[PDB]
Amino acid sequence: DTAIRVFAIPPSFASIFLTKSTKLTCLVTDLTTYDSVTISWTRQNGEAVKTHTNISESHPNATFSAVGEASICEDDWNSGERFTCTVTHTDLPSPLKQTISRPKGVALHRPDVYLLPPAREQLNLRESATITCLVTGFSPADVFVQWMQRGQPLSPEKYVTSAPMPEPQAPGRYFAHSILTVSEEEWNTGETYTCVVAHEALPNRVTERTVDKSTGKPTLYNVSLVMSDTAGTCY
Amino acid sequence: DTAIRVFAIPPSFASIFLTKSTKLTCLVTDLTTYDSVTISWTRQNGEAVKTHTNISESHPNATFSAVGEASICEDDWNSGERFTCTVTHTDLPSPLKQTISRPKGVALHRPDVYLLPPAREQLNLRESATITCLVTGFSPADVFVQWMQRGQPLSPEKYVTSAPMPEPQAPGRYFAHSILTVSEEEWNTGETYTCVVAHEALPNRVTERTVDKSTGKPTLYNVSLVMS
Amino acid sequence: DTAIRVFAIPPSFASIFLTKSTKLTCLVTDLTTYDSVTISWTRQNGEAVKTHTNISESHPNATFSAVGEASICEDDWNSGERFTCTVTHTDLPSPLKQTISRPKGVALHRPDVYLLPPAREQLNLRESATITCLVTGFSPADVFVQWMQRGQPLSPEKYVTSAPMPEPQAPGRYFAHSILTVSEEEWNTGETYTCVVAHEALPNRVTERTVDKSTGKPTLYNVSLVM
């Protein structure tokens, strides 16, 4: 494609996990607003797709058209289920096709999560606390993360998350970050803070982690090794 | 998204902080194909300034364009002024006042830096270890970070820093992270790792924070060998 | 040279650091009554400087003060030019020129900083503790030291510093000192103190160090044998 770009935003793992609907959206920008702007979807093999449900009524430039999508199940996402968005308009001499396939993730690596509590220095400020859920040692990309508190998915306005960047050990490994701001007192009590990470490489695509003052480094050690010359069983 | 697209560039402070040299360059992606360019560099005061040079005639797009560098004084450029070049075109006067200068003013805040050590699980696995450097609560953006081991600047490949992102508390606040890989053996009784941070809203333009094995807290064991 | 000094001297590392703007002064006096006398700053490019200020006459020490000054950026000051100041006087129609320069070569070594905590006998008596930021094995000279607590610096009103002295067992290497005094309870609350060592021969021209009571806390044990 050279003239008149065509966007194509496939469904991310977040919607597959939370929304549970794989919708492939494709649109055309910087184009005229007349009729004949038909957006369709079909498989490269020749098979079509489900009806384009939940169309977009308004448009950025009031482009009179109908975005093409398909409420296909997750089965059309693994490796060998490609798609093609076809767009037709009177301005162009022929319709434009946009083919899309799966990245075909390779060199699967079980994510290795290593959480650690907030830095000591913040505690001296006594103004606010921040928690990290850095994730590393995983492949492929597209790892989702969320901050739960007793089964309360926190809103994105509360926690932020970063995309994954290549790891320095090898290019077949990525790492990402996700922070969440809270009050210092709330962190003091623990409040059953948990981090949920979803990745395809995981056997169940869900892994939960948690941290507390005890987890980091308890200075005290009230160790009591009872010699108990003779107990045999649990004395 | 509609023309005049600028490709991703490294406007970070390291552009001049690694080599300690003022560099001035401004261009637009996919420029109109024309012979030469109407170079023009002047300050906002009114007096002209030495124009850039060293035009490297090499592009992947094969589009006839020009790109170079200009070194200027530091007082004027860092005078709280967003220096913008004024390079125009031969076919038509098009002064591209692109702000290659960093955003001075707006709001200054100390970038709080915390240097956190690897988790117990990572070290116990005895395969590698990662040290984290969190930078939080600062303004404006574009805060640079680097690593050192007692004057031994480790290769950029070893560590990696995220580009700045906005903070959930408010847009003014930002935060960034820098991770460094290293073997566990050195983290036990090896060398100290220092995470230096550079920002315009700093007194010396740079700070530093070191960590080593004892970075935690002193353990106070209370063993009680109760016997018969 | 303070009294009778017809030369020009540049600001030192501390002056450039505090002002953040490299300058250069030319003092010429105690030779004859200097009234309404001109001053020029011939640089390598041969361009007189502007922005002249802080000029007064009728000095109480029986003379006339007409010290000239220039303000530039470090792009050229480090380049190692030969800046000159010229003064033509009535009794001396000949141009009284004074050229200066900077060292274009010298051995540079990282400043080995070591922050030593208060002595046990220094604070055992419930008195003002003292903290010393020893710095040694470094060169060239003129290292600026300033103390920083929490997130702000402290003026010499509270601390003091020494000048460089040559090293005893390290030719070509100098060392300095700097003490910050503190109250007893203030130190006992841990707090945060850090000596900042501005020196050119540094990876980034600036370093820092911190040592407080928590630093010297080796692993502790409390055994209890019971039988």
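Numbers run from 1 along the shown chain.
Cβ atoms here come from the backbone N, Cα and C positions, even for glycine.
Per Swiss-Prot, these features apply:
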type	residues	note
DOMAIN	B:11-101	domain 'Ig-like 3'
DISULFID	B:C26-B:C85	disulfide bond
CARBOHYD	B:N54	N-linked glycosylation site
CARBOHYD	B:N61	N-linked glycosylation site
DOMAIN	B:111-212	domain 'Ig-like 4'
DISULFID	B:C133-B:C195	disulfide bond
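Swiss-Prot feature annotations superimposed on the structure.
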residue : record                      : DSSP class
B:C26   : disulfide bond              : coil
B:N54   : N-linked glycosylation site : coil
B:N61   : N-linked glycosylation site : coil
B:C85   : disulfide bond              : coil
B:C133  : disulfide bond              : strand
B:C195  : disulfide bond              : strand
Cα-to-Cα gap, B:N54 (N-linked glycosylation site) vs B:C26 (disulfide bond), nearest whole Å
13
Whole-number Å distance separating the Cα atoms of B:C26 (disulfide bond) and B:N61 (N-linked glycosylation site) is 17
Summed over the domain 'Ig-like 4' (B:111-212), the DSSP helix, strand and coil counts are 12 helix, 42 strand, 48 coil
How big is the Cα-to-Cα gap, in Å, between B:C133 (disulfide bond) and B:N61 (N-linked glycosylation site)?
39
Sparsest Cβ surroundings (other CB atoms within 10 Å) among the disulfide-bonded residues B:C26, B:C85, B:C133, B:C195:
B:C26
Excluding its own, the Cβ atoms lying within 10 Å of the Cβ of B:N54 (N-linked glycosylation site) add up to 9
CB neighbours of B:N61 (N-linked glycosylation site) within 10 A?
10
